[PDB]
Amino acid sequence: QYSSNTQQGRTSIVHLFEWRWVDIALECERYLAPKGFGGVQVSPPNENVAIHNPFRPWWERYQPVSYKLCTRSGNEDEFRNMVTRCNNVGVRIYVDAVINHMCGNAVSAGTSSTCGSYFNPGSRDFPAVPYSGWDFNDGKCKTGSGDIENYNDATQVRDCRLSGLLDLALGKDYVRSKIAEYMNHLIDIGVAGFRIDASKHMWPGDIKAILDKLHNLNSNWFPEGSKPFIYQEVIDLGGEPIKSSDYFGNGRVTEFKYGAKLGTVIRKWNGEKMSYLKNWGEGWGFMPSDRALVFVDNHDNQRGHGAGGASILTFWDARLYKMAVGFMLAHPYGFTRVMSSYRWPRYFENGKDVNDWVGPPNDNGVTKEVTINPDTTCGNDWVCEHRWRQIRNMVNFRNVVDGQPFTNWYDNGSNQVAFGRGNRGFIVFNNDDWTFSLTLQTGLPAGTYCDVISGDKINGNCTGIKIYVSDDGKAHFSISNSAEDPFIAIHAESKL
Ligand SMILES: C[C@H]1O[C@H](O[C@H]2[C@H](O)[C@@H](O)[C@@H](O)O[C@@H]2CO)[C@H](O)[C@@H](O)[C@@H]1N[C@H]1C=C(CO)[C@@H](O[C@H]2O[C@H](CO)[C@@H](O[C@H]3O[C@H](C)[C@@H](N[C@H]4C=C(CO)[C@@H](O)[C@H](O)[C@H]4O)[C@H](O)[C@H]3O)[C@H](O)[C@H]2O)[C@H](O)[C@H]1O
Ligand SMILES: C[C@H]1O[C@H](O[C@H]2[C@H](O)[C@@H](O)[C@@H](O[C@H]3[C@H](O)[C@@H](O)[C@H](O)O[C@@H]3CO)O[C@@H]2CO)[C@H](O)[C@@H](O)[C@@H]1N
Ligand SMILES: [Ca+2]
Ligand SMILES: [Cl-]
């Protein structure tokens, strides 16, 4: 469960949050494959409650109605078409598996669902599965409300309803088997693994029992005996009885400390400085690099959900965001996930975004296609961070330097830093309030290199900045503090 199952030489996944299956299929072919992306995390592909108050929020997809592959992203045929087309060009699909719970206990009975299946939260009847009252934790939970009230009690975190979401009885073989049937359906289609939603809300042993039932990956695309890549969503910032390490037996775990701390560093908050990143990784108290699933923001915290945090960087703070993402993709720690978002009309009333619920760009609830602008950006309010030159090119940097050691670190004791990855890549940052101008040892072969942040290598020249590495590996770098992108990155494949 620890190996990504990506193609050799591809090292990141991108979250195409709320994208339609047909758009992802094209994106794999026209962009992700040629640009060297490892894979795509998809939004939950199973039927959910259609919520009209408020109007079709992104979070309705975290309220399952059945395991039918029928959502605003598309139907089963469209989902199958996407997985096949993506695998065929060497780009993997990872499914956001919502398996802790069905929908909210207070949702009205009927057929207000993305495939029109009947369901009755009140009587606990989900006949499309099927589940009944016997399949939920109502009698196991010991809180007065039946909901999670207190994270200091590890038992209720697992047995009670997360924000009222009907809590599946994951200790029952029947429940485990219905979940496994869903996941095996997905695996056999050709899915490479899973983001396990709400893992903290499940016993590690119950997840293990589900995982025991899972097939090996599809033998047309994957070597025999390949196991689904598992990364579990556990928000562990310290101070709670449940630890991310509790989940290491099942696969990787999201490291939410990563983006929280990096955000603070890059904003220069709380006295933090880029020079402190010399021991980034386990040195900062993070989990082992071989288990960490790392990211600057996720779909929750970019809009203040989950642990939130003021320090979280997103596309809304585009300048600092690119630097954070660039740092992450350069550094060997963890397995990297890049966010890809849509814009919503963010509106703050007393420090909180009252539109933090708004779903994907839509016309009357129908998800807008991702249109591709002439400059390769996206239209229809899709942000497409993964198509931003600075991030896209750093995705390739990580590929180029895969497995090379962290070396040749430099810092000015404040916010001007640089480091190399073996003899394959080198990156320089200026986050101070003055110019960085210095000659540095790069660790690279002599030559002319295109800076992949300001531009591209195209048939014998560069469209951005050029760096000249002399015979002894030294190169001069000048980065103004007023620079729109105050960082430079060069690597073996950007050499002329
Ligand atoms: C969002 C994450 O919450 C949890 O995280 C905890 C940390 O674990 C903890 O250490 C500390 O930092 O606080 C955090 C925030 O509380 C959780 O551990 C983590 O897994 C969550 N991320 C996940 C999981 C889910 C659930 O699948 C996703 O959640 C999102 O979707 C939810 C469901 O649609 C959405 O909730 C909405 O719907 C519920 C039903 C509603 N609840 C109300 C209803 C009733 C009726 O009984 C009352 O009981 C409640 O009090 C009402 O508020 C919510 O109000 C409504 O928003 C949720 O907001 C949304 O984040 C998430 O996307 C995953 O990534
Ligand atoms: C294990 C520890 O990791 C993190 O601590 C950071 C800290 O947030 C950061 O400011 C910095 O602290 C030192 C640094 O170690 C030292 O080399 C430098 O001279 O001075 C810095 C402070 O002025 O780095 C450490 C990691 O080395 C977490 O933030 C913390 O919660 C956790 N206990
Ligand atoms: Ca649970
Ligand atoms: Cl996540």
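One-based numbering along the sequence shown.
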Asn250 and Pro204: which non-hydrogen atoms are nearest, and at how many Å? ND2-O, 3.3 Å
Quick one: do the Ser341 and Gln302 side chains pair a donor with an acceptor below 3.5 Å? yes
Side chains of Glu76 and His185, heavy atoms from C-beta outward: is any pair under 4.5 Å? yes
Taking atom types as modelled and ignoring hydrogens, do the side chains of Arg10 and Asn399 form a donor-acceptor contact shorter than 3.5 angstrom? no
Short question: side chain of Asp402, backbone of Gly9 - any donor-acceptor pair under 3.5 Å? no
With a 4.5 Å cut-off on side-chain heavy atoms, are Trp280 and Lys261 touching? yes
Got a sec, which pairs hit disulfide bond (SG atoms under 2.5 Å apart) with one end in residues 20-83, sequence neighbours left out? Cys28-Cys86, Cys70-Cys115
Quick test of your reading of the model: are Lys322 and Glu385 salt-bridged, counting only N-O distances below 4.0 Å? no
Would you mind writing out the side-chain donor-acceptor pairs for residues 359-367 within the sub-3.5 Å range, not counting sequence neighbours?
from: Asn362; atom 1: OD1; to: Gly365; atom 2: N; distance (Å): 2.9
from: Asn362; atom 1: ND2; to: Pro360; atom 2: O; distance (Å): 3.0

So, do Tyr67 and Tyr182 have ring centers that fall under 6.0 Å from each other? yes
Does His331 have its ring centroid less than 6.0 Å away from the ring centroid of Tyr258? no
Would you please indicate yes or no on a ring centroid separation below 6.0 angstrom for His15 and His299? yes
Side chains of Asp375 and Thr377: is there a donor and an acceptor less than 3.5 Å apart? yes
Modelled atom types, side-chain donor and acceptor of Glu47 and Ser113, under 3.5 Å: yes
Would you please classify the geometry between the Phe397 ring and the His491 ring as parallel, tilted or perpendicular, with 30° and 60° separating the classes? perpendicular
Is the number of heavy atoms from other residues, nucleotides or ligands within 6.0 Å of CH2 (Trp269) greater than 12? yes
Distance check, rounded to the nearest 0.5 Å: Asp159 atom CG versus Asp167 atom CG? 7.0 Å
For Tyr62, which of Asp197, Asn48, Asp96 qualifies under side chain to side chain donor-acceptor pair (under 3.5 Å)? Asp96
Ignoring hydrogens and geometry beyond distance, is a side-chain donor-acceptor pair present between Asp297 and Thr314 at under 3.5 Å? no
Going by distance alone, is a donor N or O of one side chain under 3.5 Å from an acceptor N or O of the other, for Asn393 and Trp388? no
Checking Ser73 against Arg61: is there a side-chain donor and acceptor pair closer than 3.5 Å? yes
Considering residues at least two apart in sequence or located in another chain, which fulfil the side-chain contact (heavy atoms from CB on, under 4.5 Å) criterion with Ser112? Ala50, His52
Please report the closest heavy-atom contact between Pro45 and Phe79, naming both atoms and the distance. CB-CE1, 3.8 Å
To the nearest 0.5 Å, what is the distance between CG (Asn46) and CD1 (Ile99)? 10.5 Å
Apply salt bridge (charged side-chain N to carboxylate O under 4.0 Å, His left out) to residues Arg20 and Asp23 and explain how you reach the verdict. CA-CA 5 Å; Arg20 291 177 330 138; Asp23 288 330; 3.1 Å; yes
Compute whether any side-chain donor of one residue and acceptor of the other, for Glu27 and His386, lie under 3.5 angstrom apart. yes
Please report the closest heavy-atom contact between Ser145 and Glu149, naming both atoms and the distance. OG-OE2, 2.6 Å
Is atom CD of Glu282 surrounded by more than 12 heavy atoms (other residues, nucleotides or ligands) closer than 6.0 Å? yes
Carboxylate-amine/guanidinium proximity below 4.0 Å for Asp206 and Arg158: no
Would you kindly check if the NZ (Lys) or CZ (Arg) of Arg124 is within the cone defined by 45 degrees around the ring axis of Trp134 and under 6.0 Å from the six-membered ring centre? no
Taking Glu29 for the side chain and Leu26 for the main chain, is one N or O donor matched with an acceptor at less than 3.5 Å? no
Please determine if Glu233 and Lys200 form a salt bridge, counting it only when a charged side-chain N lies under 4.0 Å from a carboxylate O. no
Does the side chain of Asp188 pick up a donor-acceptor pair with the side chain of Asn218 at under 3.5 Å? no
Assess, by modelled atom type and distance only, whether the side chains of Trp344 and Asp353 contain a donor and an acceptor separated by less than 3.5 Å. yes
Pairing donors with acceptors under 3.5 angstrom, does anything connect the side chains of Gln232 and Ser199? no
Please tell me whether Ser12 and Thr336 have a donor and an acceptor in their side chains that are separated by less than 3.5 angstrom. yes
Could you walk me through whether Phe256 and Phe295 pass ring pair (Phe, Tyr, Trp, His ring centres under 6.0 Å), step by step? CA-CA 8 Å; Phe256 281 86; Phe295 46 97; 4.9 Å; yes
Quick one: sort the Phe286 and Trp284 rings into parallel, tilted or perpendicular, breaks at 30° and 60°. tilted
Indicate, with yes or no, if the rings of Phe17 and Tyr342 have centres closer together than 6.0 Å. yes
Answer yes or no for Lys35 and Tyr31: cation-pi contact, defined as NZ/CZ to six-membered ring centre under 6.0 Å and angle to ring axis within 45°. yes
Centroid separation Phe229 to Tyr94 less than 6.0 Å: yes
Is a side-chain donor-acceptor pair under 3.5 Å present for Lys227 with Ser3? no
salt_bridge(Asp153, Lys142) N-O dist < 4.0 Å: yes
How far does CD1 of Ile235 sit from CG of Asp300, to the nearest 0.5 angstrom? 6.0 Å
Quick one: CG on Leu320 to OG on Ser311, what's the gap to the nearest 0.5 Å? 11.5 Å
Between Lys172 and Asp135 (salt bridge meaning N to carboxylate O under 4.0 Å), is one present in this structure? yes
In Å, rounded to the nearest 0.5 Å, how long is the span from CZ of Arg303 to CG of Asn298? 9.5 Å
Mark yes when over 12 heavy atoms from residues, nucleotides or ligands other than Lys208 sit less than 6.0 Å from its NZ; otherwise mark no. no
Cation-aromatic face contact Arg291/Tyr2, 6.0 Å, 45 degrees: yes
Please check if the number of heavy atoms outside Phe55 that lie under 6.0 Å from its CZ is greater than 12. yes
Given the side-chain rings of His305 and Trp58, with only the six-membered ring counted for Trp, is the space between their centroids under 6.0 Å? yes
Rounded to the nearest 0.5 Å, the CD1 atom of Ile179 sits from the CD1 atom of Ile210 at a distance of 4.0 Å
The single option from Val42, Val40, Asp77, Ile189 passing side-chain contact (heavy atoms from CB on, under 4.5 Å) against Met82: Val42
May I ask you to say whether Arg392 pairs ionically with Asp456, meaning some side-chain N is under 4.0 Å from a carboxylate O? yes
Residue pair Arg85, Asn81: steps toward the side-chain hydrogen bond (donor to acceptor under 3.5 Å, both in side chains) verdict: CA-CA 6 Å; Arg85 287 166 69 182; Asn81 174 262; 2.9 Å; yes
What verdict does the salt bridge (charged side-chain N to carboxylate O under 4.0 Å, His left out) test give for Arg267 and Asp317, after you've listed the backbone C-alpha separation in whole Å, the side-chain angles of each residue and the deciding distance to 0.1 Å? CA-CA 10 Å; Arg267 292 172 184 278; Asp317 290 289; 3.5 Å; yes
